[PDB]
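Asker: experimental structure and sequence below, a few questions after.
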6 protein chains.
Amino acid sequence: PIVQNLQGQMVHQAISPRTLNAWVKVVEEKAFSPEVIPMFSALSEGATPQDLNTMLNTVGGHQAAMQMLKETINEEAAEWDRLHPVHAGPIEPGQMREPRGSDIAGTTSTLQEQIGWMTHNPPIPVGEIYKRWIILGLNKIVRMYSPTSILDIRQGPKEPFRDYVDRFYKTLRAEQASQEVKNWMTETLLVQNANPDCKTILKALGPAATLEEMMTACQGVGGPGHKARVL
Amino acid sequence: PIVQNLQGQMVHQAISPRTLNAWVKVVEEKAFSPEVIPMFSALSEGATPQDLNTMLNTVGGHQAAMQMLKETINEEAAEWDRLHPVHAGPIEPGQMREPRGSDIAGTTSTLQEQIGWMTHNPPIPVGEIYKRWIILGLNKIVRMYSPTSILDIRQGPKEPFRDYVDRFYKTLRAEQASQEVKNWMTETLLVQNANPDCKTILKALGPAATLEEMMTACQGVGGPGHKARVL
Amino acid sequence: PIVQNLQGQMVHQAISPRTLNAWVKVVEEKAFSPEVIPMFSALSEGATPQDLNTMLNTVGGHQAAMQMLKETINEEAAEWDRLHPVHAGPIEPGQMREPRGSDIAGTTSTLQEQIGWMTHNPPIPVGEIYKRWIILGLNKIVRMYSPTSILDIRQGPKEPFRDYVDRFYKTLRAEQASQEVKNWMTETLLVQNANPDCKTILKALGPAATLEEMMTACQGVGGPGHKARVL
Amino acid sequence: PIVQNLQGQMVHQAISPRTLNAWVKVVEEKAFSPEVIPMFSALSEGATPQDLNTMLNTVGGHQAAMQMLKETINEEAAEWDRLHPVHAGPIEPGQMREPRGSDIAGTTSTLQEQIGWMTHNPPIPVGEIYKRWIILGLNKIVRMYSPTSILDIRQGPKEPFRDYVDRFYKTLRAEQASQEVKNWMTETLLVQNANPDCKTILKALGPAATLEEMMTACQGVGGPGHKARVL
Amino acid sequence: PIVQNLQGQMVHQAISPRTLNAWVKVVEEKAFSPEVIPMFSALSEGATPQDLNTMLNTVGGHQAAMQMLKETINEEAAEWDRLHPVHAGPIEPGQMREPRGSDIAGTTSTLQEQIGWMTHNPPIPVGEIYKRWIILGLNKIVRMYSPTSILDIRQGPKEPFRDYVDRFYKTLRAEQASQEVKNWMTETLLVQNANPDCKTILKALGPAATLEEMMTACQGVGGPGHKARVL
Amino acid sequence: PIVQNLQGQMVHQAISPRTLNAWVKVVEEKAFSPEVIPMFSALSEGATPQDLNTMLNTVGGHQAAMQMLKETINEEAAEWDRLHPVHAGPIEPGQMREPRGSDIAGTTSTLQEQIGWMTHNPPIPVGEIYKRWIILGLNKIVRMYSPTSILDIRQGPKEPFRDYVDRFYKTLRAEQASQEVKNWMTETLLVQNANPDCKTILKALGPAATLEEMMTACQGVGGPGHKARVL
């Protein structure tokens, strides 16, 4: 991370080994879930491309997922090179070279250039944009490893509706976003993949219903016990 | 979030993921239990919309509960649009507009605008207005799978009156309904499932008299198990 | 909580979740027990009334006891109203009003105004008035939920005197009796609820021998024990 | 506690719940054994009379020992009353009163009146005196709860000299007598209550020989000696 | 290690005592894995050879490995002094020494020497030289002890492509080969030692497919329990 | 130890219990192992004589070795007396007195006079002299409780070559002998006590010229090298 002087100078403070032990411990427990994506974003506040790459490299699991994350960095670097092409000819004193996607990604540049692109006029924000390409690859990991399909999830004979409904909404989060298919689930896939006793309630409430009535369904119906629950 | 508060100026700082780690672990341990509301309201204090949205995004369970909450937010956002037309700010502090309900949720706003209204005088407090909306949907999530919990909870003579009354007031703690109805549950339902021996005394103490007095009687009844009267 | 000495630095900072969680672990493990009360003063160091409420409401258990605490706050808050003709006459900006019992409970005064009393000249520490009110109530909560009663404490069948004196001072500190009776209790009560094998000795010695002379008599054997921890 | 980081300036920082958690966990485990006495002096270095009490009352166990210290500190408070007058000449702004043994004990004094004496030019040693009365007071516990009769010490029948002298010093550390007496225990009882064959080699070597010569000796008596298993 | 804060001079101070335990936690778990090199690399920023020496001195375990490291360090010290790469020297004769490899390993140079180079103008960065030899020889440790040869690798009998390419890019990750060399392997090797029916499909889709549409290929093909389990 | 070295290197803080517990966990489990020496050194760089005493007298176990350390330090403070004929006051008006071995060892000197020398210009480094003498003792105890035993070890018939050279290289590190005596341990003693199938490789390629060849060579005797305990 960087340390800022009052007049905007940036001395690099290098990332703690203790700071990495704690980070890789969130990944030991949770992999690269929806939980770990905002935690990462926080942990990249003030970061250099080099801080961002040493963070990622310290992980030793998921090395195909970490490569697919890599192909996301590479293509967006390749989108960048055709977006903002480098100048040609000998530069003057007091002029500073524009980065290519390999210098934003900290491969071909020095650290000293990284932190100078941050103190530029106007600044070129290489750490902010490298963190933007990471989250798009961490979401690419998430979309790939979801093992559940929305059509295939269903409610069994002793399964309580709060457990069932929650995990189905938790599945939908890692599907492709789209209002249309989200609306469909509430009319079809939620309704019809119920257990038969809980399905009467869903059909009698049905597709129009207020969400507070809809998500709260089947209390006492089609679970274990007289109250259809483990709680 | 902002730091060093009541100083006439504000400096913003980054939220720690160590703190974000601590957030999710209450939620992962006991879910949106009624104590997790004032805990959020405390960790909310100073927190900008971007932080509030990073804390909500961090939640990985409880996703059907996040749609109950989401339904509060877009419904209060729409209502602010319905009350208010947007207009420019004073030119000398650099206020170019007033926020919308979307600007409040961090959908259509950026950080220096969210801070910018927070630092201005008279103040416009985008995180605090959002806090009052977030805390309100949280309250919805307690009542969600539990309406009338104080009549659902089991009662008899099998545990001591102190054990029952302690689970009683936890169940009144979860309950929203006005204090006159929690006085009537405390006068009627609480006493009815007590022992005949002290039934006359507890009925005068009721909710009216101090709780500590209620512990003076029913001594000698015995711990967990079946009985019908007191020694 | 408020940063350092009160006249000095004059700013407000948010409460960490480490500090909130550390306390919640202890009302859970150790429950309402004599050693809890001063940990609450190490914890509540620099707290406002709003902080003190955020603490008391994050615990998640013991709601009969929290009602006994909240009653205690309510008598003293009501008694402060009865005894004090508290001022409300016409008042100058910058000169601050006289606090009511409910402002001090933190329910009728905004946080700028709570820090405003704590940073006055001379500073008025509203939170410390509310911390002693909690502590005042805790002595009554701690006597009630005590597992040993003074009317029932005896030396065990082969239990050394030195161990039984350790329980009796643990129980006398739970006991909220006056000192004139407590000095009486050592003098009469303790020696009479020793074993008959010690009581021969204790009686011939009489009150002039010191407690360490009597805790040397009726011990277990010399040398180390058979457990791993200290004797 | 007081902290210093710039020469000539004193500043307070609040006692941590985690500092207290560590304290009460090594008192639960090891009680007041010599391994705690310079750990406590290091824990209480900068500590105020307010903070020392905070450590003393956060302990939940070992109450006979704690009570034998409560007797000891107030005996010393009594003695400070004996050899110094009571302060009772009238005071004003810019005039401090001179501490009584109880102001030193923290038992009739507020943090401001304490930190005032302590940050003063030239400072009054109000935190160091109370610390001293606990360090003497722990040495006072340690001597009673010390289990081992050093007079009745003997070598194990298969035990090596190297574990025997190690046990010998470890035991001698908690014994009460002044060091000239410890020195003669070490000469006498270690030569006499070793195993018979050894007792002759120490006589040949000499009772007043150098500790290397004594540590080296007597190997293979009682079967083979042995060494640490880290290669 | 040599650092500055916001003061402007490169100053030596000892590494944190806290860090030392972090570092022992990396050595203890991560030593045979690629995971030690981003950790170590993060540790060794600002490093003098004294600091670099203290890290390899700390490692108490694995001294077959550490001697192979010491032997790599001495072979590279020889090769480096033989080829003499361009770096800063003294401005004029006899001013200070120009280092041998023994001086770069810190064996024949003091810190007093090492500070005087590493702060010079132009600066002589002898730690970094030494650290790069350690980076290479520890990239090799992990290569030597890596349990899984990459050539000899296979896809398991009833194992899917999806979990096979996960341990291929991890097996690849501990390999020492050229970047053009490792790219030739993900397009020859990976596909070649796959199971016949998956191999023949991967042949038709393309060995130079992108990883994200490739990782789901061969799905349910390899036998009835593949079809059942979705592998 | 001294704190805030970039600010001034003059202001102190007492030894931390966290620091002492990491020393007390070393002193139980690793006191006799060569790695004690750099971990101790890293911990106690910047320390006072008072700090250097307090780590050793904090130790509750191994009391003979604490006594062995006390002996070494007096034996060295005795040598300073015969080395230096030092005078009582200042030999030079306007400067400090010279330290004696007792002032160096921390018996005759206050924390103020200790940091008086270190902070005086030019400094006299009374704990850099002290810590050396505890390292002589840590070397002496590494021998005393834990000698090499290099004749006794050998490769058994089902025992691995790599793990046996990992033991020997640890044993050779712990060894304090001259280089030529250790050189024969590598070029003959290793070759003699190895299994005959590992002996051929030892005698062919020279252990004074290669070891990486012989980590890959000789993997029948102790069986296949990826099934080994260390991985």
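Answerer: Perfect, thanks for sending it. Numbering: from 1, shown residues only, chains lettered A, B, ... in the order given.
Asker: how many neighbours does residue A:38 have?
Answerer: Using other Cβ atoms under 10 Å in any protein chain shown, residue A:38 is surrounded by 22 other residues. C-beta: built from backbone N, CA, C; applies to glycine.
Asker: and it, what does it touch?
Answerer: Contacts for residue A:38 (Cβ atoms under 8 Å, 6 or more residues apart in numbering or on different chains) come out as B:20, B:54, B:57, B:58.
Asker: let's go with 6 Å and repeat that
Answerer: Neighbouring residues of residue A:38 by Cβ atoms under 6 Å, 6 or more residues apart in numbering or on different chains: B:54, B:57, B:58.
Asker: next: residue A:24.
Answerer: Applying Cβ under 6 Å, 6+ apart to residue A:24 gives the contacts A:58, A:59.
Asker: what about it, helix or strand, and which?
Answerer: helix A:17-30 (DSSP states H and E).
Asker: residues in contact with residue A:197?
Answerer: A:221, A:222 are the contacts of residue A:197 under Cβ under 6 Å, 6+ apart.
Asker: which of the contacts of residue A:38 come close to chain D?
Answerer: When Cβ under 6 Å from any Cβ of the partner chain is applied, no member of the contacts of residue A:38 is adjacent to chain D.
Asker: picking up where we left off before, in the helix holding residue A:24, what counts as buried?
Answerer: A:17, A:18, A:19, A:20, A:21, A:23, A:24, A:26, A:27 (16 or more other Cβ atoms under 10 Å in any protein chain shown).
Asker: off-centre distance for that helix?
Answerer: Put simply, helix A:17-30 sits 17 Å off its chain's centre (Cα atoms, centre = their mean, to the nearest Å).
Asker: give the next helix or strand downstream of that helix.
Answerer: helix A:36-43.
Asker: can you give me the strands for chain A?
Answerer: A:2-4, A:10-12 (DSSP state E).
Asker: what's the last one in contact with?
Answerer: Contacts with strand A:10-12, where a contact means Cβ under 6 Å, 6+ apart, come from A:2, A:3, A:4, A:115.
Asker: now these in a markdown table, with neighbour count and distance to residue F:161?
Answerer: Below are the contacts of strand A:10-12 laid out as a markdown table (neighbours: other Cβ atoms under 10 Å in any protein chain shown; distance: Cβ to Cβ, whole Å):
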| residue | neighbour count | distance to residue F:161 |
| --- | --- | --- |
| A:2 | 17 | 49 |
| A:3 | 13 | 49 |
| A:4 | 13 | 55 |
| A:115 | 19 | 49 |
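Asker: okay if I get these as CSV plus distance to residue A:42?
Answerer: Listed next are the contacts of strand A:10-12 as CSV, based on distance: Cβ to Cβ, whole Å:
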residue, distance to residue A:42
A:2, 16
A:3, 18
A:4, 18
A:115, 21
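Asker: tell me the buried residues in stretch A:32-43?
Answerer: Quick answer for stretch A:32-43 (16+ other Cβ under 10 Å): A:32, A:33, A:34, A:35, A:36, A:37, A:38, A:39, A:40, A:41, A:42, A:43.
Asker: show me which of the residues you listed is closest to chain F.
Answerer: residue A:43 (24.7 Å; Cβ to the nearest Cβ).
Asker: and the closest one, how close does it get to residue B:14?
Answerer: 9 Å (Cβ to Cβ, to the nearest Å).
Asker: also residue A:75?
Answerer: Applying Cβ to Cβ to residue A:75 and residue B:14 gives a distance of 29 Å.
Asker: in stretch A:96-109, what's buried?
Answerer: So stretch A:96-109, judged by 16+ other Cβ under 10 Å, has buried residues A:99, A:100, A:101, A:102, A:103, A:104, A:105, A:106, A:109.
Asker: quick one: it near chain E?
Answerer: No: applying Cβ under 6 Å from any Cβ, one finds stretch A:96-109 out of contact with chain E, separated by at least 11.2 Å.
Asker: what sits up against that stretch?
Answerer: By Cβ under 6 Å, 6+ apart, stretch A:96-109 touches A:49, A:50, A:53, A:73, A:77, A:80, A:81, A:86, A:126, A:129, A:130.
Asker: again, 10 Å this time
Answerer: With contact meaning Cβ atoms under 10 Å, 6 or more residues apart in numbering or on different chains, stretch A:96-109 is reached by A:48-54, A:70, A:73-87, A:91, A:110, A:113-114, A:116-117, A:119-121, A:124-130, A:133.
Asker: same check on stretch A:144-151?
Answerer: Residues contacting stretch A:144-151 (Cβ under 10 Å, 6+ apart): A:31-33, A:62, A:64-65, A:68, A:167-168, A:170-175, A:181, A:184-185, A:188-190, A:193, E:162, E:211-212, E:215-216, E:230.
Asker: 8 Å instead, please
Answerer: By Cβ under 8 Å, 6+ apart, stretch A:144-151 touches A:65, A:68, A:168, A:171-172, A:174-175, A:185, A:189, E:212, E:215-216, E:230.
Asker: can you pull the contacts of the nearest residue to residue A:1 once chain neighbours are set aside?
Answerer: Distances taken as Cβ to Cβ, 6 or more residues apart in numbering or on different chains place residue A:46 nearest to residue A:1, at 4.3 Å, with adjacent residues excluded. Each residue near residue A:46 by Cβ under 8 Å, 6+ apart is listed here: A:1, A:2, A:127, B:14.
Asker: ok so, going back, and the buried residues of stretch A:96-109, which is closest to residue F:199?
Answerer: residue A:106 (50.4 Å; Cβ to Cβ).
Asker: tell me the phi and psi of that closest one?
Answerer: phi 80, psi 10 (degrees, to the nearest 10).
Asker: how many neighbours does the residue nearest to it when sequence neighbours are not counted have?
Answerer: Distances taken as Cβ to Cβ, 6+ apart place residue A:49 nearest to residue A:106, at 3.1 Å, with adjacent residues excluded. Neighbourhood size, residue A:49 [other Cβ under 10 Å]: 24.
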